[PDB]
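Listed below, chain by chain, are the residues.
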Amino acid sequence: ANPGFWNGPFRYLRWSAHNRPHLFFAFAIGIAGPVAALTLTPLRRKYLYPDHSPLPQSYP
Amino acid sequence: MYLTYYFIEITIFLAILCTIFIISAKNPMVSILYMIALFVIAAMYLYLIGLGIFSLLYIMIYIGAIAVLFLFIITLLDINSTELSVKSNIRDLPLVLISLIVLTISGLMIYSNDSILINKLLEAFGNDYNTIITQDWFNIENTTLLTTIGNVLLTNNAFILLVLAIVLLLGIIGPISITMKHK
Amino acid sequence: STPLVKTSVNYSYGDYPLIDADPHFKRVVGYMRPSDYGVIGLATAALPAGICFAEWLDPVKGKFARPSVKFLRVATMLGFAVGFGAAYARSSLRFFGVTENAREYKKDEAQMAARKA
Amino acid sequence: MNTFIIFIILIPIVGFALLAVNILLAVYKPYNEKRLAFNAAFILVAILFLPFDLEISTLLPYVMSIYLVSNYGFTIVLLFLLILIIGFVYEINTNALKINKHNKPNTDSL
Amino acid sequence: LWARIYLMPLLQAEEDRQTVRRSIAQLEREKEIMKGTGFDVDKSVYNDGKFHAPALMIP
Amino acid sequence: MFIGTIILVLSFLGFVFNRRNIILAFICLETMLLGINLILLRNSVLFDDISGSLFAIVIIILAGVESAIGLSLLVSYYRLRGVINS
Amino acid sequence: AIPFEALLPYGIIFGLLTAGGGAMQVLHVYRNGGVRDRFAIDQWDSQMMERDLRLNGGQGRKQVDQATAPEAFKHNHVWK
Amino acid sequence: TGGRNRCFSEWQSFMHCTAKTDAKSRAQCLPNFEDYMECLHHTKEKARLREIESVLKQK
Amino acid sequence: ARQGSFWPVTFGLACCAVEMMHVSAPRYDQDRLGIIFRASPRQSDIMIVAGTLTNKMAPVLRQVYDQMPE
Amino acid sequence: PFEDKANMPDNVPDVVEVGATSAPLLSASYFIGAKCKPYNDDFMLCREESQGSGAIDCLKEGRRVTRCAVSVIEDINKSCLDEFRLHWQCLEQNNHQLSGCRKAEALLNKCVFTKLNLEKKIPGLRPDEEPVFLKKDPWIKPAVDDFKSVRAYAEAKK
Amino acid sequence: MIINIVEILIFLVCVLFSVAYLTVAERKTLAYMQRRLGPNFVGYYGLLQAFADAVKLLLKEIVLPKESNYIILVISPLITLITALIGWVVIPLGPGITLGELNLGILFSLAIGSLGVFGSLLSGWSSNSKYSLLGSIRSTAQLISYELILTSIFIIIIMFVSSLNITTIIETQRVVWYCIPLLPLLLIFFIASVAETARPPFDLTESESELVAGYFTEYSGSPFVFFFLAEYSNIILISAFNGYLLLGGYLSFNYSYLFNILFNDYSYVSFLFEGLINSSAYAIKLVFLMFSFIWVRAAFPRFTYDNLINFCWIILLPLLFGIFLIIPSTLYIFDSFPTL
Amino acid sequence: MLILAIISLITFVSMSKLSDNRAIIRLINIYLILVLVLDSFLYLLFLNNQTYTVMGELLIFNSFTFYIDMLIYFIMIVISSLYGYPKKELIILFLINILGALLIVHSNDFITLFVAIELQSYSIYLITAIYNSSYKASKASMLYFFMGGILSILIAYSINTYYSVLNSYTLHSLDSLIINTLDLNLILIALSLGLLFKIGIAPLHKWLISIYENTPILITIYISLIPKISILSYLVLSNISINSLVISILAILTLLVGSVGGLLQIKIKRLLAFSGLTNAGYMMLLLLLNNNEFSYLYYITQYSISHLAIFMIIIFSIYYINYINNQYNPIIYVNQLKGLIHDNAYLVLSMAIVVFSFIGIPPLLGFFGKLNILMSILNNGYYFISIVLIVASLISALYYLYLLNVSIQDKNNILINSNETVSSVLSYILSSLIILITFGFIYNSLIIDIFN
Ligand SMILES: CCCCCCCCCCCCCCCCCC(=O)OC[C@H](COP(=O)(O)OCCN)OC(=O)CCCCCCCCCCCCCCCCC
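Residues numbered from 1 in each chain as written, not as in the entry; some residues may be left out. Chains lettered and ligands numbered in written order. Part of a larger assembly, values for the part shown. Heavy atoms only, no water. Residues with missing side-chain atoms left out of burial classes, pairs and counts.

Method of structure determination, per the deposited record: cryo-EM was used for this entry, reaching 4.32 Å resolution.

The name that the PDB entry assigns to chain G is NIMM SUBUNIT, with the source organism given as Yarrowia lipolytica. The record for the entry shows the title "Cryo-EM structure of respiratory complex I from Yarrowia lipolytica". Within the UniProt record for chain G, the comment given under Sequence similarities (unreviewed entry) is "Belongs to the complex I NDUFA1 subunit family." The Subcellular location (unreviewed entry) comment attached to chain G in UniProt states, word for word, "Mitochondrion inner membrane". (UniProt positions renumbered as here; feature names shortened; annotations may be inferred.)

Peer 1: I would appreciate a short explanation of the overall build of chain E in the present structure.
Peer 2: What chain E contains, in helices and strands, is one helix and zero strands. For chain E, whose C-alpha radius of gyration is 16 Å, the value lies well above the compact-globule estimate of 10 Å for 59 residues. In terms of overall dimensions, chain E has a C-alpha envelope of 55 × 25 × 15 Å along the principal axes. A burial count over chain E gives 46% of its 59 residues as buried. By element, 54% of the accessible surface of chain E is carried by carbon and sulfur atoms, the whole surface being about 3100 Å². Across chain E, the mean location of the 9 positive side-chain charges is 3 Å away from that of the 9 negative side-chain charges. (Helix = DSSP H or I, 4+ residues; strand = E, 2+ residues; numbered from the N terminus. Rg over C-alpha atoms; globule rule 2.2 N^0.38 Å. Buried < 20%, exposed > 50% of the residue type's maximum accessible area, 1.4 Å probe, protein only. Areas by Shrake-Rupley, 256 points an atom, 1.4 Å probe, with all protein chains shown as cover. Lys, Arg positive; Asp, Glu negative; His and termini not counted. Charge placed at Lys NZ, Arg CZ, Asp CG, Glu CD.)

Peer 1: Teacher, can you tell me more about the pattern of salt bridges here?
Peer 2: A side chain of one charge can pair with a side chain of the opposite charge when the charged atoms of the two come close. With its nearest N and O atoms 3.8 Å apart, the salt bridge here joins E:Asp40 to E:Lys43. K:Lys56 serves as the salt-bridge partner of I:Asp45, at 2.5 Å between the closest nitrogen and oxygen. Here K:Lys56 lies in helix α2 (residues 49–57) and I:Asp45 lies in the loop between α1 (15–23) and α2 (58–66), a pairing that spans two chains. (Salt bridge = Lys/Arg side-chain N within 4 Å of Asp/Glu carboxyl O.)

Peer 1: Sorry, what's going on with the interface of chain D and chain K here?
Peer 2: Size of an interface, as often reported, equals the accessible area lost when the parts are brought together. Taken residue by residue, the interface counts 48 residues in chain D and 55 residues in chain K. When contributions to the side of chain D that touches chain K are tallied by element, the ones reaching two or more residues are α1 (5–20), α2 (22–25), α3 (40–64) and α4 (73–91) of chain D. In terms of residues, the side of chain D that touches chain K owes the most to one element, α3(D), which gives 15 residues. Among the residues forming the side of chain D that touches chain K, the class breakdown is 36 nonpolar, seven polar and five charged. (Contact = heavy atoms within 4.5 Å. Nonpolar A, V, L, I, M, F, W, Y, C, P; charged D, E, K, R; others polar.)

Peer 1: What exactly am I supposed to notice about the state of the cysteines here?
Peer 2: Among covalent bonds in proteins, the disulfide is the one between the sulfur atoms of two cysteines. Residues and elements named next belong to chain H. Across a sulfur-sulfur distance of 2.0 Å, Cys7 and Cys39 are joined as a disulfide pair. With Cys7 in the segment before α1 (12–15) and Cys39 in helix α2 (residues 30–41), this residue pair connects regions lying 32 residues apart in the sequence. Shown here is the disulfide that connects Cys17 with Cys29, its sulfur atoms set 2.0 Å apart. Linking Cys17 and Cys29, the disulfide has an S-S dihedral of approximately -100 degrees and is accordingly described as left-handed. Linking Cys17 in the loop between α1 and α2 with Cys29 in the loop between α1 and α2, this pair joins segments that are 12 residues apart in sequence. (Disulfide = S-S within 2.5 Å.)

Peer 1: For this particular structure, what's the right way to read the arrangement of the chains?
Peer 2: Nothing in chain B touches chain I; the tightest C-alpha to C-alpha distance between them is still 24 Å. What separates chain C from chain I at the closest point of their C-alpha atoms is a distance of 58 Å, and the two make no contact.

Peer 1: Help me understand the environment of J:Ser27 in this model?
Peer 2: Residue and element names in this part refer to chain J. Within the secondary structure, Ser27 sits in the loop between β1 (3–5) and α1 (33–49). On a C-alpha basis, the gap between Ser27 and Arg85 in space is 9.5 Å, while along the polypeptide they are 58 residues apart. For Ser27, the contacting residues outside a window of four places in its chain are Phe84, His87, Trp88 and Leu91.

Peer 1: Help me understand the UniProt feature "coiled-coil region" (unreviewed entry) in chain E in this model?
Peer 2: When the UniProt feature table is mapped onto this chain numbering, "coiled-coil region" (unreviewed entry) sits at residues 10–37 of chain E. Between the end C-alpha atoms of residues 10–37 of chain E there is a gap of 42 Å, over a span that is 89% helix and 0% strand.

Peer 1: So what exactly am I meant to see when it comes to the pairing of strand β1 (residues 74–78) of chain G here?
Peer 2: Taken together, the three bridges between strand β1 (residues 132–134) of chain B and β1(G) define a ladder with antiparallel strand orientation. Its bridge partner being in β1(G), B:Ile133 is matched across the sheet by G:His77. Bridge analysis of β1(G) against β1(J) gives three bridges, and the strand direction is antiparallel. What sits directly across from G:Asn76, in β1(J), is J:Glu3. (Pairing = 2+ DSSP bridges.)

Peer 1: Mind showing me how you'd approach the UniProt feature "transmembrane region" (unreviewed entry) in chain G here?
Peer 2: Residues annotated by UniProt as "transmembrane region" (unreviewed entry) correspond here to residues 11–30 of chain G. Measuring from the first to the last C-alpha atom of residues 11–30 of chain G gives 28 Å, for a span that is 100% helix and 0% strand.

Peer 1: Sorry, what's going on with the packing of helix α13 (residues 294–316) of chain L against helix α15 (residues 362–380) of chain L here?
Peer 2: To characterise two packed helices, one gives the angle between the axes of the helices and the distance between these axes. Residues and elements named next belong to chain L. Where α13 meets α15, the axes come as close as 9 Å, and the angle between the chain directions of the two elements is 150 degrees. Classified by the interaxial angle, the pair formed by α13 and α15 is roughly antiparallel. For the pair α13 and α15, the crossing hand works out as left-handed. The residues of α15 that touch α13, namely those facing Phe294, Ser295, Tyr298, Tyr299, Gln302 and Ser306, are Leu364, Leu365, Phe368, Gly369, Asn372, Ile373 and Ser376. (Axes fitted to C-alpha atoms, helices over the stretch in contact; angles between N-to-C directions. Parallel < 35°, antiparallel > 145°, perpendicular 65-115°, else oblique. Left-handed = near helix turned anticlockwise from the far one by under 90°.)

Rendered as structure tokens:
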């Protein structure tokens, strides 16, 4: 049986996800976290501001 | 005033009574059995003092992890114990420990506030006598929070959190590279 | 924007790597710092061979060999990264004076034009 | 008082009760007839158990007040989890037992 | 919480009269206890002149 | 602050007069780090919200790694796992 | 078909916790009077519910029925 | 690194003393500083209470 | 109470143990009566000796018999 | 031991207040808001400006801001008595889950804005507000069994 | 004062009588699952076997010269006191609105489920047998390694909660049926839940006669019924704890009881009924959960310690750290964070 | 840019074939390029030594601390070259030890300080027993661990009392509090003696020394120098107690006598361990100062380069012995290296100039370390401590010259037939040439630190 081998990355991700896949599908979640966290600044398109508060002491 | 519920705070007598066991045990591990009793008495103290949160933290992480790890080691490669505090092993004990207990009592006295005398040494021992603190009422506390403010400070002082990330990193890499012995 | 009235203070120039937040300050900011650069943008390229100069540092690691094998890629990454920090160490400043000061020519105008933030 | 202190006080006495029932009426009459070894994976598992507990203790106030730290506590804890997950990618490479005796080399003749 | 903050002056003023009326009355009680020998009951412990709260009371 | 100084001092001079059992010394040195927190927590309670209790959660998280390195180093007080020796 | 015997222990394991929940509900409405029960709104009912105890029992809507401000409570406790 | 304290109210009137450089006047902050100290430990409060209970003891 | 639960410990030496585990078979089930045997001579009540008994076994059998409650 | 101190006196230099009543004022919380808001603001402003110098806004604002709330609760005890009463009666159950009585809310608010012509201005422009008719949310569990007939009849008669 | 002690007696007799008949229940359902019939003979119907077995196995009580009685006479009482019973101090949704618990729920349950582990370890410490205590260290090691990934997942499901008192999770979860419908890692919680309270398909330290004809120590007598009752009670507690947070209490027919109680009762007749159906909801969410424990008892065989540590420290835990690289991420992305 | 280097090469040591002699070449060249392209912060460093603070708790003092971390980088580059050119997988924790040391040289406030001293100490506990197939290291590591634990809780108890008297933590808030409540002084000397575990002040004396002789020589170079500079650089960066108010002066009196009275030693490691102890005791004397850091900043480098140098010289002297000691530790006796001048006597010349360094003959080091030390002393007025420092220098010079007098007597039978062992020779030649040519540029630094 064959492990993963780096030098062909399109091949590596294949024969990682097919022979020792159980860390692949973890790290797919690990890349779905922050990369999708960077594809939101257009995707919220200024959706909402939460607007919470402690006590509003006002001005003169 | 529910007479015992006022001296339920003074549980320090059980603390010193457990710690006098903790250094004179029979077996090497009946001591660390008593150590978790020391920690749960500390948790009882912290719940009584107004912070049950850190009581439950100590129950979760000290007798949940590190005392479990003391018991975990003391099964395997058990060290050769001297039997107990024999009188020949209580030799040169009193002759320095009495003076050391006196000097450390004076150190606890040196934790006192500002007096350049021995008056502050007696002042902290009478600290409960002239005083019982007065609580107050809620002036504009909007949201309920006990350890939430701890994380607020952990956001303000974020850099020590990102550095104790490194100390937990060391806590896992060290025991790899000191016991695994790669081939 | 993007957060509350809380503030994040960071005037960072050290050996522990940091960055900047969205905005509220007078010092160097996050996204403007990668821009307003110069022809020193190949300074990160100058390090890009320097950690790839470890092959030149190989004066007989083993006996009678050279050209350390293809982990130089890793070195190349570090040859980028430190130099990137060195490019990010080219905070000339954010709108101070008494320096090279192209910021009053290439970033005074942006603070002029963007008159709504 | 009066709420659950009754439970944590009643229960030890119930434990001593169902213990101390049969200490008396069970027949005893006790007649007669009534260093070590190791592995790295028997020890390093519990050693490395502890830091991954108390990083959860680190994470627990953050998950208590996830709010009041918006857009920024997320960033800090993502950096914290990055610094921890690289420790995980260190320890994935090594921790397993090794079967000592299984040989396969080809056989030669003169 | 907005609901609660609209209640927040009111309730605090509910206490404030109390922390006027509890404070000076305690001081008057101690005027009765410390009379005879001249003494600084009628004196702030805090050297800044601004009103504080009494604390650490013996019951 | 009697409650923390007394357990600290007794752990300390237990660590002095410990002519038996290396691990009782080791756990007395552990219990120093919870004799100090009973000082720290009640000083924070007598003061305020989170100023010293932040240092308390720090010293708990770090006392874990203390005991971890102490065990994983005490394992190597000898040869490793087990062989012939003397 | 279904096991007529085997679901009888599940029937009593259902009924025991069922009666155990109903008894908690009854004993808390008898504890509190004919109302539901409050959760921990920490630091806040000890302003609010304590104030209700300083005035009345249960709840009331009026102007004020205090006397010596209905005897303003002040908590005190020993030094640690 | 100073949460919403029960002694925060004496930072400002200590720090506004050290707003100007009167820590090199070296005494202008000492009323402010020891009022900060009495917020910390209530020492002269406690001596005042010990005095009045000693007067209580002689009746 | 003693007559109801009634669990043994298997000693189970030969063919007669095959019939003993046929009593754990679904046709003539043990658990319709309560017989739920543990593999431990202290947690046991009765000690079914099944199979033939060698000369070699018998001290082990009596040692099992002694570590068994009254 | 959290023992209670319960001393008594009365201090001279001002006219005494009138206190307020129980947790049912949580129903009336917005109702004192828009009316007594500048009184509130001037009170807390005068408190914050006198740095440490409390106990001097008592005679001006500590009396004034309570006078306004006493006036508001007297107006609501004459205007919508039982409409207030069933609403806080709902609201003392359900843990003061203020979502948990949002149908008798509309009855009480319509009655107030009818007779005492106030509102509930929750400040913030982005979302929708008090009429939500929830539709992905945590509406109620026990839907105020003495009060569902009330909002049903208000849908019926009005 | 009198009402709460009769409250606590009702709740204790519920849990004790419950865990008594639970063993008969599981043996019956194994038996029908094993194509036979369970205890069908005891006394009056056949619901009574454990209730006679408890009186049976009291009256044995041996001690062993290889071990101090002072530890093993108390260590199964330890896990009987703490692991079994005072886990119910949190009143793990005592299924109404109300509880017998003040507040600060989930990490108390964490602390006591953590506290049981050296109750197992010191139990196995006994008798000084060089083949025994290594098996004890095995048991406790796998026990803590799955404690960790109970812990690190029910702290991440409360990231949709952020409030640490017990009820607020439950009132939060009634809108979505939040528990499993938004996330199916319930199942790995379930496969974590068989390990940290080992009534498992793992059976791992129950190498019953692979050792010298004894597995744990064979501390038979009152410590046996203590260990037995505490294991089953830890099972129904952690099963309730599953039905507490990551499976839901407060079934949606009580949400629809707005369309039912308003058609049934007039106005608050002593709250007579709703706590009962709420208890019915939580009970049927709890026993249907442990029916899968009684499945997995008799479906898949033991699980091979080295592969068990493989199953902890290699697969489930990095999937887990991915899964709370996204549940902070995805709610931050989609709209926003939760308040408290 | 150290954290990025750590997280990079912990991933690089993962999935490595345990060659593990190349990764240090990458770390050496990476620290070299990082210093070469990160020295550009010296222009933005100081107009008038303007400090810069990270988030209120961390301090960047651009004249002092920006030189200290440059020295740390320098000696780390030297150690990393010393492992190149017998090893296990360890440079990850070398770098994180550096991270801790640099945090304590940048730590404004005690939370960062305590985290980082404990991180640093954990690194020392680990590095002591990486070479786990020893009986020396096994004992020494556990001894270092237990006493570092005692001294750690001494740290934390000092600062907890400091918090008990003042609700702040920062020494920035100490701000010349001249009413000087006496417990503030006692807390501060307790914190001083707590941080002074590493110097092994004469009541805390012996325990470090058995640890130094029970580590391999490739390790005892590293931890006779890292915390030696680290905790003291913190201790001079903030001047805790302006004078001693006789507490610390007594500690250094019994040190600089009672560690130089440790004269007769036959073990090499003990000998230069006492050397590195007493020369660390030297720079404690200007912990007793105020507004004085130039002598300290110069004395660190103009000691530590030569300390590194003498360890590298007795590294080179393994090749010439005709006996060795244990697998981990080659050369422990002085009398092992007898006739070294009849071997390659250029290194005997280097050993000569770096020991004449430590005795302080004028034209290379001692008239620029000890001269600045003595002018900092006699600026304050500590007249007695001057003459006891002089006695310390003479009696230290005696066992210093013990090494040169055993170095160049006469060889029994060894001259010459060999192969070569080089390309790290430029490191030792760089340290020796910078030792004996600092008298050239001994005035440029005097202007540069006058402008910083
Ligand atoms: C994507 C959108 C959503 C995003 C959120 C994602 C949430 C998803 C929910 C969680 C994901 C589920 C992950 C399940 C983890 C299980 C992984 C696993 O078991 O790996 C198999 C592994 C095999 O062993 P090994 O030989 O080492 O594998 C290498 C082979 N080359 O290990 C093993 O040895 C197998 C042992 C498993 C033991 C299980 C025993 C029976 C359990 C069945 C009872 C559960 C059924 C009841 C609940 C179901 C309710 C519907």
